[PDB]
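Chemist:
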Amino acid sequence: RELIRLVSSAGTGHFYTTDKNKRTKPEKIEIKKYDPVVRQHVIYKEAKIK
Amino acid sequence: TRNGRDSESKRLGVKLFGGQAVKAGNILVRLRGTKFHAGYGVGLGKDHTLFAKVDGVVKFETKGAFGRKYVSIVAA
Amino acid sequence: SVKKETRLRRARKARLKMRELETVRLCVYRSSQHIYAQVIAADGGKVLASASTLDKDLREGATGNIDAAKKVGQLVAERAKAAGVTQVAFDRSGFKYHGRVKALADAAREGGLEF
Amino acid sequence: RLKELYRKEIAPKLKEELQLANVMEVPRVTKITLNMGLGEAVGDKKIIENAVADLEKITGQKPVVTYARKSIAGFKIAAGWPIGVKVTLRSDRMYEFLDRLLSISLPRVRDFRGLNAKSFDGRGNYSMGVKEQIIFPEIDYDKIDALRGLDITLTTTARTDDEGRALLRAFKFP
Amino acid sequence: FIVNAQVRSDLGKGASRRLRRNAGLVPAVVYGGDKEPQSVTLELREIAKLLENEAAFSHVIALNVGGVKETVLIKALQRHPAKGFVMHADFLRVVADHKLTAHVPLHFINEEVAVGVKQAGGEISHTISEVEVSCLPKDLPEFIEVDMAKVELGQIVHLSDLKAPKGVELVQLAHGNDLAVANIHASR
Amino acid sequence: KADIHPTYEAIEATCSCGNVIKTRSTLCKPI
Amino acid sequence: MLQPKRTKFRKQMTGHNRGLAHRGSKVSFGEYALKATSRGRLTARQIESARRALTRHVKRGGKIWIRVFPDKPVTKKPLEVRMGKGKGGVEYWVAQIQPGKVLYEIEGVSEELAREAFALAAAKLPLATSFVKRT
RNA sequence: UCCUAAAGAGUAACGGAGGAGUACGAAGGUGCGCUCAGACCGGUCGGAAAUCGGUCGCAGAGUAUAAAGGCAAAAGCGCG
RNA sequence: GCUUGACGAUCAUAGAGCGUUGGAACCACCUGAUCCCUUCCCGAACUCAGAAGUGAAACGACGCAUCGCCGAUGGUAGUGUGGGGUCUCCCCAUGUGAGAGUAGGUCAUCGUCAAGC
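Following this line, the structure appears as structure tokens:
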């Protein structure tokens with residue numbers, strides 16, 4: 002469970018932070034989450050915290 | 010084999026016994042998995058904490074099938 | 002039977018949820034012959050209004066279809082307006098919300114009896 | 003077919019053959035499972051579909067596969083999870099199924115004695131055998147290597163032994 | 004069988020201990036399904052002479068509290084577990100129309116003439132005496148005969164295998180509990 | 002040859018003995 | 001000796017030995033018995049020693065019931081051992097005895113032979129015992 | 001996590017027993033639906049045993065993981 | 001004034017078992033699945049349209065105490081305080097007081113609404 006970053010599909014630079022088991026679920030996560038800087042729900046699609 | 014090792018004794022049990030005036034957020038019972046169930050105006054939090062949703066006095070009724078102990082608050 | 006003690010077990014969650022919220026309840030009891038509708042106050046043990054199919058102005062011989070439930074819909078809505086109740090909750094009583102239960106619910110809802 | 007013999011003779015034979023007071027405890031005809039044990043070669047995931055294809059057209063109806071329950075790791079392995087197959091022909095489908103079992107298709111392979119003799123358990127015995135996975139319509143000399151088996155018994159939908167041996171027969175059928 | 008009794012207007016722990024150690028007495032109660040219970044003092048020396056009798060517990064006992072006399076069946080007995088003597092006696096009213104369960108001893112009559120003893124080498128093992136019964140007070144078995152004469156080696160006599168004398172209901176036979184009464188088995 | 006072997010055992014009371022011990026009747030699904 | 005076949009734990013506490021023996025005070029299987037009148041502790045080779053005294057003094061037959069059962073394990077620190085380095089290990093087994101506990105029971109003998117057999121039995125036991133008959 | 005711990009909390013020992021340094025994008029949410037396990041008796045490869053048909057049943061099953069405490073509105077189980 | 005439904009109050013003195021009895025209204029079983037809807041495979045569950053039949057199953061009412069479950073009185077054990085002793089344990093004063101068992105109970109008692117009598 003190495004930790005990842007879920008950045009917002011909207012134009013902001015807001016990110017939620019979580020984990021993932023890489024060696025079982027290697028594909029990326031496209032979960033719809035709530036962005037506070039635009040104040041609507043948008044998809045989040047990211048990894049690579051560095 | 011060797012033997013030490015306890016833990017920090019989580020202070021569980023009955024706060025706010027059975028006739029006491031309660032405010033609308035007070036912890037009733039700290040609980041490790043529902044000895045006492047949620048009655049009339051009481052809440053059942055995440056770790057099975059019973060808390061008060063309204064004011065009144067604590068009831069502690071043994072009600073119904075399954076022999077369950079209920080904490081309820083009677084607005085009195 | 003094994004049908005009825007199963008559907009009361011199905012119903013019991015919503016029955017027991019509407020007495021937590023202190024909500025006036027609209028119960029149904031479908032049978033194979035016909036359907037009943039009943040308005041129960043927010044404790045379980047007292048009835049405000051009640052309207053069946055065997056009210057003696059709509060016993061017909063064709064009683065027990067998706068039409069008779071729709072008749073009982075407004076027939077319980079206009080009896081509940083007299084009783085002074087809105088913001089009721091619909092109790093399907095373990096029956097699946099699809100046929101004459103759905104029809105009774107929609108026809109009671111059409112008579113301003115707000116679920 | 004369960005017909006002119008049933009709706010005019012069998013249902014009024016059994017009221018005075020078992021001396022029943024009113025009708026409806028005359029036995030109905032309901033439900034079993036094959037439980038065709040495809041757990042041979044349990045770690046497969048390739049012959050269950052052949053078993054479903056085998057049992058599909060001989061019954062005219064889709065089965066499901068029945069899964070293992072426990073990890074009984076002495077008999078076989080526990081990862082071989084899909085190990086079953088299952089199809090009822092309904093009372094509505096029993097009609098073409100009754101005049102296809104023990105009407106002309108009674109010689110499955112052979113018997114020297116198909117006796118109705120050696121089982122007194124108080125629930126209504128009969129006698130017939132099914133060991134071959136081929137004795138049915140619509141099967142080839144060879145199209146797929148056919149390894150299966152089909153299991154039918156019958157029970158009273160009713161009370162007892164002697165109250166359930168009589169409805170289970172329909173013709174001169176030992 | 005007659006015991007003398009008193010009135011006992013004082014109940015409790017220290018009261019009962021004072022009766023036993025100062026007055027030399029023994030508490031008791033008399034009760035039945037038809038009257039109120041009544042607490043009674045008795046004498047330890049005067050009830051311990053009844054308990055010497057073999058037919059003490061399965062018998063009518065007249066009991067005289069004042070001038071009032073009752074018919075009494077002893078149905079309970081408490082006893083000091085170490086030393087062994089009666090503390091409170093705890094007996095029952097007797098009415099002529101009543102079911103009246105009591106314990107009755109077994110009496111094991113002719114054990115020398117036993118065909119699992121004389122010819123075959125074996126000994127008699129009484130696993131049970133004191134059978135509980137269910138009977139009107141008209142038939143009170145002071146004893147129940149257990150004939151052990153026609154019983155072979157290795158053979159077991161059960162509760163069905165003996166006699167119920169003139170309308171006596173053996174209780175365990177009225178359940179599915181056919182208990183083993185006695186036994187003939189090989190020696191050690 | 003004496004090497005082939007059928008494997009059917011819950012068919013095996015005498016054909017329709019009622020139950021074996023598991024009690025219901027005719028055909029194979031819980032449909 | 002008598003030991004359990006396996007126990008749920010290996011060490012008990014020390015505990016106390018209070019009360020009278022209300023349960024275990026009746027001659028429930030035999031005709032005559034050896035009842036204790038003082039409280040104490042029987043160490044499972046006392047029990048077997050009095051057992052062998054009984055079974056050797058009978059010589060003819062009978063049936064002997066041994067009623068007590070040592071289920072309490074007792075530990076020991078060995079010698080040249082400083083105190084408090086963990087609880088010491090089990091050595092033997094013990095039945096806790098209260099006044100009134102029936103220890104042994106016999107049937108099939110005469111009352112005289114039973115009495116002078118439980119005299120041999122009581123000679124090997126650290127308790128104060130007595131002789132009782134079936135009530 | 002249980003005992004010691006004295007029926008509220010708390011409570012020591014190089015006292016008695018076990019565990020953890022995580023898993024999970026569903027093992028979370030919700031709606032709808034469903035009960036487990038066990039004896040029985042059943043021999044033409046398994047034979048006490050798999051697959052089921054459950055008569056008796058009568059929570060003893062299960063719960064990601066130690067123990068304790070909880071679970072029918074199941075907190076168990078399946079599906080959208 | 002009772003019968004059948006639905007909903008609750010209360011959770012065995014209310015349960016389980018065994019027996020009798022209920023069909024016209026009610027409910028259950030029932031007939032058929034075109035059409036809604038459904039079956040890890042279903043018209044046997046879920047669903048619709050019913051009105052030929054049956055109260056067999058189930059459910060209900062009435063009976064029975066063998067089972068389960070309640071359960072006295074009395075005593076016993078424990079124990080607060082005060083004092084004793086032969087002090088790893090008991091006793092006395094005083095207050096309290098079981099669990100078990102014994103006698104004995106129990107085959108429930110209520111309320112709201114709706115159709116019938």
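Chains as they are written, first to last, in PDB author numbering: chain 3, 2 to 51; chain W, 10 to 85; chain O, 2 to 116; chain F, 3 to 176; chain V, 4 to 191; chain 1, 2 to 32; chain M, 1 to 135.
All residues carry an ideal CB built from backbone N, CA and C; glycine is no exception.
Starting from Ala14 (chain 1), find everything on chain F with Cβ-Cβ shorter than 8 Å and list it in chain order.
Modeler: Result: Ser121, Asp123, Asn127 and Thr155.
Chemist: Closer than 7 Å by beta-carbon distance: list the chain 1 residues that pair up with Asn37 (chain F), in chain order.
Modeler: Ordered by position in chain 1, the residues that pass the 7 Å Cβ test against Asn37 (chain F) are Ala11.
Chemist: Span of the beta strand (DSSP E) holding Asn52 (chain F)?
Modeler: That residue, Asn52 (chain F), is in no beta strand (DSSP E); its alpha helix (DSSP H) goes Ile50 to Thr61.
Chemist: Going by DSSP in three states, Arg161 (chain F) sits in which element: helix, strand or coil?
Modeler: It is coil, neither helix nor strand.
Chemist: Tell me the residue span of the beta strand (DSSP E) that contains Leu37 (chain W).
Modeler: Start and end: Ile36 to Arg39.
Chemist: Answer with buried or exposed for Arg20 (chain V), where buried requires no fewer than 16 other C-beta atoms within 10 angstroms of its C-beta.
Modeler: Per the 10 Å Cβ criterion, exposed.
Chemist: For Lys2 (chain 1), return the contacting residues in chain F, with the cut-off set at a CB-CB distance below 9 Å.
Modeler: Correct list: empty, because the minimum Cβ distance to chain F is about 17 Å.
Chemist: Assuming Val107 (chain V) and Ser42 (chain V) are in contact, meaning their beta carbons sit under 8 Å apart, how far apart are those beta carbons, in whole angstroms?
Modeler: 28 Å between Cβ atoms; not a contact.
Chemist: Using a Cβ cut-off of 8 Å (strictly closer), state whether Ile32 (chain 1) contacts chain F.
Modeler: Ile32 (chain 1) counts as touching chain F.
Chemist: Kindly list, in the order they appear in chain 1, the residues whose Cβ is closer than 9 Å to that of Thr90 (chain F).
Modeler: The contacting residues are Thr27, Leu28, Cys29, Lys30, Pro31 and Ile32.
Chemist: Chain 1 partners of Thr158 (chain F), CB-CB under 8 Å?
Modeler: Within chain 1, the residues near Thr158 (chain F) are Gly19 and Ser26.
Chemist: Identify the continuous alpha helix (DSSP H) that holds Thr104 (chain V) and give its terminal residues.
Modeler: Looking at the DSSP string, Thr104 (chain V) is not in any alpha helix (DSSP H), and its letter there is neither H nor E.
Chemist: Would you mind reading off the limits of the beta strand (DSSP E) that contains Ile5 (chain V)?
Modeler: Taken as a continuous stretch (DSSP letters only), the beta strand (DSSP E) holding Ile5 (chain V) covers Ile5 to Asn7.
Chemist: Have a look at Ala189 (chain V), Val33 (chain V) and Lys52 (chain V) and flag the residue whose alpha-carbon is nearest the alpha-carbon of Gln122 (chain V).
Modeler: Cα-wise, what sits closest to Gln122 (chain V) is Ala189 (chain V).
Chemist: Assuming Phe96 (chain O) and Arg16 (chain O) make a contact with CB atoms under 8 Å, what is their CB distance in whole Å?
Modeler: The pair is not a contact, with the Cβ atoms about 13 Å apart (cut-off 8 Å).
Chemist: Checking contacts by CB at 8 Å: is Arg191 (chain V) closer than that to chain M?
Modeler: So yes, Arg191 (chain V) belongs to the interface.
Chemist: Give me whichever residues DSSP pairs with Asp20 (chain 3) in a beta bridge.
Modeler: DSSP, once it has assigned bridges, lists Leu4 (chain 3) as partnering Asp20 (chain 3).
Chemist: Express the C-alpha separation of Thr19 (chain 3) and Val38 (chain 3) in angstroms, rounding to a whole number.
Modeler: Using only the alpha carbons, I get a separation of about 19 Å.
Chemist: Name, in chain order, the residues that DSSP records as bridge partners for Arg77 (chain W).
Modeler: In the DSSP output, where bridge partners are listed per residue, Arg77 (chain W) has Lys72 (chain W).
Chemist: Along the chain, where does the alpha helix (DSSP H) containing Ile67 (chain O) start, and where does it finish?
Modeler: Per DSSP, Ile67 (chain O) belongs to the alpha helix (DSSP H) from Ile67 to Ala84.
Chemist: Quick check on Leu100 (chain F): does DSSP put it in helix, strand or coil?
Modeler: Of the three classes helix, strand and coil, the one that applies to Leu100 (chain F) here is helix, per DSSP.
Chemist: Using CA coordinates, which residue listed in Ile50 (chain F), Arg30 (chain F) and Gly124 (chain F) is at the minimum distance from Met38 (chain F)?
Modeler: With distances taken between Cα atoms, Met38 (chain F) lies closest to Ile50 (chain F).
Chemist: Measuring straight from C-alpha to C-alpha, what distance separates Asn20 (chain 1) and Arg125 (chain F)?
Modeler: Computed Cα separation, rounded: 7 Å.
Chemist: To test your reading of the DSSP string, which unbroken beta strand (DSSP E) runs of 3 or more residues are found completely within the region 34-63 of chain M?
Modeler: For the region 34-63 of chain M, whole beta strand (DSSP E) runs of length 3 or above, ordered along the chain, are 40-42.
Chemist: When you compare the CB of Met26 (chain F) with every CB in chain 1, is at least one pair closer than 8 Å?
Modeler: Closer than 8 Å: no.
Chemist: Against chain M, does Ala85 (chain V) count as a neighbour if the rule is that its beta carbon must be under 8 Å from one of theirs?
Modeler: Interface residue, yes.
Chemist: Tell me which residues of the region 113-138 of chain V have at least one Cβ-Cβ distance to chain M shorter than 7 Å, keeping chain order.
Modeler: So the close ones are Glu126, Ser128 and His129.
Chemist: Could you tell me which chain 1 residues have their CB closer than 7 Å to the CB of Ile12 (chain F), listed as they occur along the chain?
Modeler: Result: empty, since nearest Cβ-Cβ is about 15 Å, beyond 7 Å.
Chemist: Helix, strand or coil for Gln29 (chain W), going by three-state DSSP, please let me know.
Modeler: Looking at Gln29 (chain W) - three-state DSSP - the assignment turns out to be coil, as it is neither helix nor strand.
Chemist: Let me confirm a value: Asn186 (chain V) is counted as buried when at least 16 other C-beta atoms fall within 10 Å, else exposed. Which label applies?
Modeler: Buried, since its Cβ has 16 or more Cβ neighbours within 10 Å.
Chemist: Which chain 1 residues sit within Cβ distance under 8 Å of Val31 (chain F)?
Modeler: Within 8 Å Cβ-Cβ: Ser26 and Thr27.
Chemist: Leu113 (chain M) by DSSP, collapsed to three states: which one?
Modeler: Correct three-state label for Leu113 (chain M): helix.
Chemist: Judging by CA-CA distance, which residue of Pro27 (chain 3), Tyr17 (chain 3) and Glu3 (chain 3) is the nearest neighbour of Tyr45 (chain 3)?
Modeler: The option with the nearest alpha carbon to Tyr45 (chain 3) is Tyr17 (chain 3).
Chemist: Can you have a look at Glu42 (chain F) and say buried or exposed, based on whether 16 or more other CB atoms are within 10 angstroms of its CB?
Modeler: Counting Cβ neighbours within 10 Å, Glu42 (chain F) comes out exposed, since fewer than 16 surround it.
Chemist: Once DSSP output is grouped into helix, strand and coil, what is the label at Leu120 (chain M)?
Modeler: Of the three classes helix, strand and coil, the one that applies to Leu120 (chain M) here is helix, per DSSP.
Chemist: The region 12-33 of chain M: which residues have C-beta closer than 7 Å to a C-beta of chain V, in chain order?
Modeler: Cβ contacts with chain V come from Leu20, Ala21, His22 and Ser25.
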